């Protein structure tokens, strides 16, 4: 049955494995965020047994872990056991959360919805366990950008409830989840110019842009659909839409717009897209050189509804143009090879009645918008391949690091390999901060690596307009881009590197490379220190600022990521409050300290 087929990945054996992996990560990351304080229990062999108890005291979780730099808890999956009233019990993620509800600060309101997000994340793991199990070495050897993108399993390495996609029924999961590599056809709407606005970056004009993307034949067909209803194509702008968004939302929530002819259904476009790790961003699988399309998707994932703001679209291209120009202008960013793939164009729809009915923060203002982003594909030479930076912290079904496999392929020492990666990825971030007070959101999903023979040649940053900030409230910026100017205490500025790079990315990378015996934490962090010191030696003009915002400070604040989602799982940061949802809980030892 297509009934039975749709749940064939939900079996006791895979459910067990899924629960073991998720509970392993719960113990590790909730210990990192100091929600749990595991108690040391009597010397087993040497490298350490621990116990975590329920709110109750009645249910015990025992495991082994190696504790690594940045208060990182490498909890052994195979070691986790559960005990109550003298007896062992099966590992069960739902029971974990009910049992540690108060320990974890889960409100009565959030718990039941959080458990849906857990339930959904576990299903996805079960789905991923049914797929062909490719080693880290096979995936590296493939050189296949979309094989890597869709082969990723973890998601965000910190958030536990990270792959919820709540709003997807099972059939929609199987059609739309990145890990399915299901081909998707975008739904195209005509949107009346009384309510839709198209914004073009330098070098973009609308009529040639849409003809390049859809082909002149499809544009002609769409013009015919409007003439057919007695409508003038000049009156309308083209908006591509996530099929989920069209069938579940715009046809109901925006029925008035469809009925009135403010919105007209044109059809599917021909090209087959693959959802990326972000879910609502599509890569063009038929024409890899064409643009990604970022769609409005009113689905809950990882602390936010994944809509797209019609208001932010107006400035989105200008912000990208400014960033690209700043990068071509800077000698250090040139040495580095840094580029972005620009958000090149954007369209937004202003639902006039919903604006009248909602504050400017409502998800109802984020139901209909899209932007186009350049493919990195046309920029690579022969011999080059592309990969999500997320791949560096990927471990295959045998625990083998994809970073490890790139090191193997490269023929370089681990530390030589790391120098090339850090020069490409990390040095731009240090220089953007010190020279321009510029920060990004540089996790695994927002960076693409260009690889030659297993070596990182250069990094490509994406997700620009909605993520970048300038940490100077009086920054002189072109009018259209000054909304990126933020006021942030001095106190918290360098947390952009310590939190987003060190605690939420390097911590996982150094640990996977240590556990697999490829390179010691000592040599990992020496290498970061050295590249850091060499960057600073090459720009003496910024000496004063290197001392003021010290990368080698003894300590910096623990910023907790799960704590945000546990306090509020629908908007885990108020996008309307002065960066002040951060949950800082004491300090971490800086691995760079004394270098």
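Numbering follows the first chain given and starts at 1.
Here the stretch with the larger average CA B-factor, out of 181 to 189 and 86 to 94, is 86 to 94. The question of which stretch, 282 to 290 or 69 to 77, has the higher mean Cα B factor is settled in favour of 69 to 77. When the C-alpha B-factors of 431, 360, 462, 507 are read from the PDB record, the largest value belongs to 360. Set against one another, the Cα B-factors of 307, 473, 151, 157 in the record reach their highest point at 473. Looking at the C-alpha B-factors along this chain, the one for residue 529 belongs to the middle third. Residue 573 sits in the highest third of its chain by CA B factor, as recorded in the PDB entry.
Ranked by C-alpha B-factor against the other modelled residues of its chain, residue 61 falls in the highest third. Compared with the other modelled residues of the chain, the Cα B-factor recorded for residue 249 ranks in the lowest third. When the modelled residues of the chain are ordered by their C-alpha B factor, residue 447 lands in the lowest third.
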